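Q: First the structure, then my questions, so here it is.
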């Protein structure tokens with residue numbers, strides 16, 4: 001390096017820093033990925049149960 | 057007091073009882089109009105069938 005025009009310097013390298021990023025959820029494998037073909041998805045649901053039986 | 061009198065016992069106890077029982081029916085019927093055209097739910101194009109309904 002050169003300080004001004006007639007003087008020299010000592011160069012000590014560079015310092016770098018990056019921000020944090022969290023990855024807790026990705027480590028839990030909690031989601032399942034599907035690859036479709038269009039921008040519409042359909043889901044179907046079914047319910048069932050039981051009932052009473054009165055005396056006869 | 058000695059010699060004079062005595063005392064006696066008591067003769068137990070008993071009882072008897074009877075009951076009745078109820079009756080619980082339950083029936084279910086199926087017909088053609090239920091399973092003719094309807095899709096087998098959960099499938100894209102499979103037609104309905106009687107066995108799924110019966111089970």
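Residue numbers (PDB author numbering), protein chains in the order written: chain H, 1 to 56; chain G, 57 to 111. Positions of the beta carbon are idealized from the N, C-alpha and C atoms, including for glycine.
Can you give the beta carbon distance from residue 96/G to residue 102/G, rounded, assuming they're within the 8 angstroms contact cut?
A: The pair is a contact, with the Cβ atoms about 4 angstroms apart (cut-off 8 angstroms).
Q: Please report the distance separating the alpha-carbon of residue 13/H from that of residue 4/H.
A: Straight across, the Cα-Cα distance linking residue 13/H with residue 4/H is about 19 angstroms.
Q: DSSP state of residue 26/H, grouped into three classes?
A: helix
Q: Closer than 7 angstroms, Cβ to Cβ, to anything on chain H: give me those residues from the segment 73 to 97 of chain G, in chain order.
A: Within the segment 73 to 97 of chain G, contact with chain H at the beta-carbon level (separation under 7 angstroms) is assigned to 78, 79, 80, 81, 82, 97.
Q: Give the residues of chain G in contact with residue 53/H, contact being defined as C-beta atoms less than 7 angstroms apart.
A: 80, 82
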